[PDB]
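# An overview of the molecular structure
Spelled out from the first residue to the last, the chains are:
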Amino acid sequence: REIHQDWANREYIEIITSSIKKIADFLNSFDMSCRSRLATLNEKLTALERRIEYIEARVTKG
Amino acid sequence: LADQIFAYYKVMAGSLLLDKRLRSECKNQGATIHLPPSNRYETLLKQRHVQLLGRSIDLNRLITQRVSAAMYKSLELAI
Amino acid sequence: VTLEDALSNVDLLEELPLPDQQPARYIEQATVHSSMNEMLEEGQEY
Amino acid sequence: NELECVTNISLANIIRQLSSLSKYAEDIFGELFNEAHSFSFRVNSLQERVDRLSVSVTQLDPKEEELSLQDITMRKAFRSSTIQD
Amino acid sequence: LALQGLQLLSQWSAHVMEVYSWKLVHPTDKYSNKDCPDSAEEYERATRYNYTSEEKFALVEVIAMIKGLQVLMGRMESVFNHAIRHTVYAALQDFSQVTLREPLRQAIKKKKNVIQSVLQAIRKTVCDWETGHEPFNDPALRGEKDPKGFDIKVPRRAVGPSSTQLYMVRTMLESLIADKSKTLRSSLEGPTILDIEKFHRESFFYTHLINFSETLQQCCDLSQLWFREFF
Amino acid sequence: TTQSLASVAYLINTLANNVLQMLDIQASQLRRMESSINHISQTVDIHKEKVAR
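The sections below set out a description of the structure shown in this document.

Cut-offs applied
Residues numbered from 1 in each chain as written, not as in the entry; some residues may be left out. Chains lettered and ligands numbered in written order. Part of a larger assembly, values for the part shown. Heavy atoms only, no water. Helix = DSSP H or I, 4+ residues; strand = E, 2+ residues; numbered from the N terminus. Rg over C-alpha atoms; globule rule 2.2 N^0.38 Å. Buried < 20%, exposed > 50% of the residue type's maximum accessible area, 1.4 Å probe, protein only. Areas by Shrake-Rupley, 256 points an atom, 1.4 Å probe, with all protein chains shown as cover. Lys, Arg positive; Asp, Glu negative; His and termini not counted. Charge placed at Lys NZ, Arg CZ, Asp CG, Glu CD. Contact = heavy atoms within 4.5 Å. Buried area = accessible area lost by both parts, 1.4 Å probe. Salt bridge = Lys/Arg side-chain N within 4 Å of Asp/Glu carboxyl O. Polar contact = N/O pair within 3.5 Å; in protein donor to acceptor, adjacent residues only side chain to side chain. Nonpolar A, V, L, I, M, F, W, Y, C, P; charged D, E, K, R; others polar. Axes fitted to C-alpha atoms, helices over the stretch in contact; angles between N-to-C directions. Parallel < 35°, antiparallel > 145°, perpendicular 65-115°, else oblique. Left-handed = near helix turned anticlockwise from the far one by under 90°. Core = buried A, V, L, I, M, F, W, Y, C linked by side-chain atoms within 4.5 Å. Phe/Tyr/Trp six-rings, centres within 6.5 Å; stacked < 30°, edge-to-face > 60°. Patch = residues over 30% accessible without salt bridge, like charges linked within 9 Å, V, L, I, M, F, W, Y side chains within 5 Å.

### Quick notes on the overall build of chain F
- Helices and strands together make up the secondary structure of chain F, namely 1 helix and 0 strands.
- Compactness check: chain F gives a C-alpha radius of gyration of 23 Å against a globular reference of 10 Å for 53 residues, more than 25% above the reference.
- Considered along the principal axes of its C-alpha atoms, chain F spans approximately 80 × 10 × 5 Å.
- Taken over 53 residues, chain F has a buried fraction of 36%.
- Accessible area for chain F stands at about 3100 Å²; split by element, carbon and sulfur atoms hold 53% of it.

### Here's the deal with the overall build of chain E
- The number of helices and strands found in chain E is 11 helices and 0 strands.
- For chain E, the sequential pattern of α-helices and β-strands runs α-α-α-α-α-α-α-α-α-α-α.
- With the C-alpha coordinates of chain E rotated into their principal frame, the extents come out at 85 × 45 × 30 Å.
- Surface exposure of chain E reaches about 14100 Å², of which carbon and sulfur atoms provide 57%.
- For chain E, the distance from the average position of its 30 positive side-chain charges to the average position of its 29 negative side-chain charges is 8 Å.

### Considerations on the interface of chain C and chain F
- The interface of chain C with chain F comprises 9 residues on the first partner and 9 residues on the second.
- With both chains or domains summed, chain C and chain F bury close to 800 Å², and 70% of this area falls on carbon and sulfur atoms.
- At the junction of chain C and chain F, the tally comes to 0 salt bridges.
- Across the contact surface, chain C and chain F share 3 residue pairs in polar contact.
- Residues that form the side of chain C that touches chain F fall into these classes: 7 nonpolar, 2 polar and no charged.

### Side note on the packing of helix α1 (residues 2–57) of chain D against helix α1 (residues 2–52) of chain F
- Relative orientation of the contacting elements α1(D) and α1(F) amounts to 20 degrees, with a least axis distance of 10 Å. Between α1(D) and α1(F), the angle is such that the two are roughly parallel. Our pair here, α1(D) against α1(F), has a crossing hand that is left-handed.
- In the contact of α1(D) with α1(F), the residues fall into 22 nonpolar, 9 polar and no charged.

### Points about the nonpolar core
- Core analysis: the biggest nonpolar cluster contains 46 residues, and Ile23(A), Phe26(A), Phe30(A), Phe29(D) and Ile12(F) have the highest contact counts within it.
- No other element matches α1(F), which puts 14 residues into this core.
- In this view, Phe30(A) contacts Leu18(C), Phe29(D), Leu32(D), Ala16(F), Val19(F) and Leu20(F); residues no more than four positions away in its chain are not counted.
- Listed in part, the 24 residues of the second largest apolar core include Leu92(E), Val126(E), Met168(E) and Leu173(E).

### What about the packing of aromatic side chains?
- Throughout the structure, instances matching the rule amount to 11 aromatic pairs over all chains.
- When the centroid spacing of 5.5 Å and the interplanar angle of 70 degrees are considered together, the rings of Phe230(E) and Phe231(E) count as edge-to-face.
- For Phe231(E), a relative accessible area of 38% puts it in the partly exposed group.
- An aromatic cluster is present here, built from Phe26(A), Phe30(A) and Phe29(D) joined pairwise through their rings.

### Side note on the arrangement of the chains
- The structure contains 10 pairs of chains in contact, of which chains A and D account for the largest number of contacts.
- Nothing in chain C touches chain D, and the closest approach of their C-alpha atoms is 13 Å.

### A short note on the environment of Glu31(D)
Residues and elements named next belong to chain D.
- Residue position: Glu31 is located in helix α1.
- Accessibility expressed as a relative area gives 25% for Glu31, which makes it partly exposed.
- A sequence separation of 28 residues divides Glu31 from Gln59, and the C-alpha atoms of the two residues are 43 Å apart.

### What to know about the interface of chain D and chain A
- Taken together, the 29 residues of chain D in the interface contact 33 residues of chain A.
- For the pair chain D and chain A, the summed buried surface comes to about 2700 Å²; carbon and sulfur atoms form 73% of the total.
- Inspection of the region where chain D meets chain A yields 4 salt bridges.
- When the shortest N-O distance is used, the salt bridge between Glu49(A) and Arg42(D) registers 3.4 Å.
- Our count for the chain D to chain A interface comes out at 7 residue pairs in polar contact.

### Observations concerning a negative patch on the surface
Residue and element names in this part refer to chain D.
- Together, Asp61, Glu64, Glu65, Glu66 and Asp71 make up a negatively charged patch on the protein surface.
- Looking at where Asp71 falls in the secondary structure, it is placed in helix α2 (residues 71–74).
- The class for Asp71 is partly exposed, based on a relative accessible area of 31%.

### Some words on unusual backbone geometry
Residues and elements named next belong to chain E.
- Here the phi dihedral of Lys148 falls at roughly 50 degrees; this positive angle occurs in a residue that is not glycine.
- Positionally, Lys148 belongs in the loop between α7 (139–142) and α8 (163–176).
- When its relative accessible area of 97% is taken as the criterion, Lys148 is described as exposed.
- Despite not being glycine, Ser181 has its phi angle at roughly 40 degrees, a positive value.
- Topologically, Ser181 is positioned in the loop between α8 and α9 (190–202).

Below you can see the structure in the form of structure tokens.
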């Protein structure tokens, strides 16, 4: 009967959509993590730069 | 936020180093020095994912810049 | 090329370390109902 | 079959959603690549600066140091960057 | 749990919207509020001076709780969706394959073709036969009482019924209980109609819960707190 | 439909892995730089103390 085939097809479509949602959620999580790490890296780099400038300003005359 | 955070931290630092015997004597004489109420600014300080209209804002960087400027101004004022 | 392979790929993708996150006669009724809904979508737009 | 036509339309819509997900990943990855590449430029520049500073510092001589009392304030004072976003 | 969370979020949103609307419709005045200046626009007295510090804190707390619950519920999107759809499918199949049997048998036995037609339509629209066809050994169809029996295996899978199918089934099912309808309700026993009303009242939220994300986002709408076209 | 999903997942996984590795490499290099810079600062202030003496 067509009803059983429709139910199986609705199973298939739902499984695919669930996989899509899994991927999407993972992508969002990845975006959230990567960015925090990048912020930390940027701050570390900024601290190093200023420190280097201070060292340079401290060991040069004019 | 940066201004009040800096003010609260400076007040707490100043209160920490104040002599306890002097505070007790003042309280006994009737001149109690009110303590600074506690706060939970650390949660906002540890925030790097403020999302607004699709923009990721590093609040920590701005707070760091403001506190650095305030500290430099305070040191210059002391000198 | 198979459903099982695709599901496995998704699981594999999910398996990554992501630290530092945060700090009858009813047919006529159905048709009329559909028409009413269509009219409503336009009324909301207006 | 009407039900079979529906499932095909659903599969086409699923493919379109897959493309939308592809674009939701691609834009994020491109932005991350751009910002990390800028960070890499900064790191390389500061690495050049650091090696130059080290090779300069490994040559200092205490006897070469000369202190000028008159030039102490005639000298421009150093100030750190104070850029605010 | 998902239903309770959605209901709680909706209740909180309704409370917030109601208080905001009441405050908007009842602007204050300098006579009541001393802080309000003599000169001020309608929006000023309506919103800015119409809230107390405690009221503002309560509103902020309610909003924060709403958003925290929203994010927490969203974190469990897949589990909630799977559980809801599996429960809906199991309930629908079990109902249409077991509960309608006795009523159908009674109708056939007493020659109630009007009830028989709608019951058969309901059982044909949704029921999914694991064997690929309706059983032929079922004694209910013949009208004679079942032995002692006749165990039937109901399949289990996680999928919600289509909107058209659910609406059609509900419309057929609540037609049998209709008082106005010669009333069809008068041709059914008590327990069967009671079970039918229980199922009908329980299946109201199936459509809302199937689209769990849309329902969750709708129940937490706070965008009406900024627009000022009217003022 | 089954195929395309697998390809997209594989590409995303590979790309994500590459990004993570790049970040790790950058952080490690930054840490290494921080050590050399600290050594330089130690040398500088040691020289300053020597000049004062």
